[PDB]
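Read the structure below first, then the notes.
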Amino acid sequence: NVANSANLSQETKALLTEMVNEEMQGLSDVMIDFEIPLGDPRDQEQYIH
Amino acid sequence: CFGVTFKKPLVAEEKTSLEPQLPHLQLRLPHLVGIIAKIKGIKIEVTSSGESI
Ligand SMILES: *[C@@H]1O[C@H](CO)[C@@H](O[C@@H]2O[C@H](CO)[C@@H](O)[C@H](O)[C@H]2NC(C)=O)[C@H](O)[C@H]1NC(C)=O
Numbered sequence: 177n178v179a180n181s182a183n184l185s186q187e188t189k190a191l192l193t194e195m196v197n198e199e200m201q202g203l204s205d206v207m208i209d210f211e212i213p214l215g216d217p218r219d220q221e222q223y224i225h
Numbered sequence: 837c838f839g840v841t842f843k844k845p846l847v848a849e850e851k852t853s854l855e856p857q858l859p860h861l862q863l864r865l866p867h868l869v870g871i872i873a874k875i876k877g878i879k880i881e882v883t884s885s886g887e888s889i
């Protein structure tokens with residue numbers, strides 16, 4: 177979306193993806209990636225799924 | 837010892853050095869001074885017509 181809004185020319189696109197990747201990796205290096213509880217602990221069908 | 841387990845102390849690196857990565861623009865106009873130098877020495881030669889005749 178950012179590339180289309182601007183007028184990147186197939187060489188500044190690689191300069192943008194690099195920055196996005198490094199920033200997102202820096203953010204992802206300190207997050208544990210768990211799941212949010214939403215239902216009931218007793219139920220077996222959700223856990224099986 | 838007893839129920840508790842003991843672990844060795846960890847050694848620590850004394851210093852760190854920061855060398856961040858930098859984007860490479862790869863511009864082409866720079867380091868083209870030779871072309872300008874070639875432009876400087878055009879050296880057009882013109883011989884007078886009528887002095888010989
Ligand atoms: C600073 O200049 C050096 C030398 O021109 C650049 O190093 C080159 O980088 C390209 C692209 O990765 C390589 O293919 C060459 O082999 C490198 N040459 C040498 C001698 O290392 C360097 O990229 C430049 N720095 C920036 C930020 O553009």
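Line by line, the protein sequences give chains B and D. Letter 8 of the first sequence, counting from 1, is numbered 184 in the deposited numbering, and no numbers are missing. Letter 3 of the second sequence, counting from 1, is numbered 839 in the deposited numbering, and no numbers are missing. Just so it is clear, CB atoms sit at the ideal spot from N, CA and C, and this is done for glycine as well.
Cβ-Cβ separation between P859 (chain D) and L191 (chain B): approximately 5 Å, consistent with a contact (criterion under 8 Å). Scanning its chain for C-beta atoms nearer than 8 Å, with the 5 sequence neighbours on each side dropped, one finds around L184 (chain B) the residues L192, in chain order. At a cut-off of 7 Å between C-beta atoms, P866 (chain D) does not count as an interface residue with respect to chain B.
Judged by the Cβ position, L858 (chain D) qualifies as a neighbour of ligand 1 at the 6 Å threshold, a heavy atom of the ligand being closer than this. For the stretch 853-877 of chain D, residues whose beta-carbon sits nearer than 9 Å to a beta-carbon of chain B comprise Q857, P859, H860, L861, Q862. In the DSSP assignment, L192 (chain B) falls within the unbroken alpha helix (DSSP H) covering 189-204.
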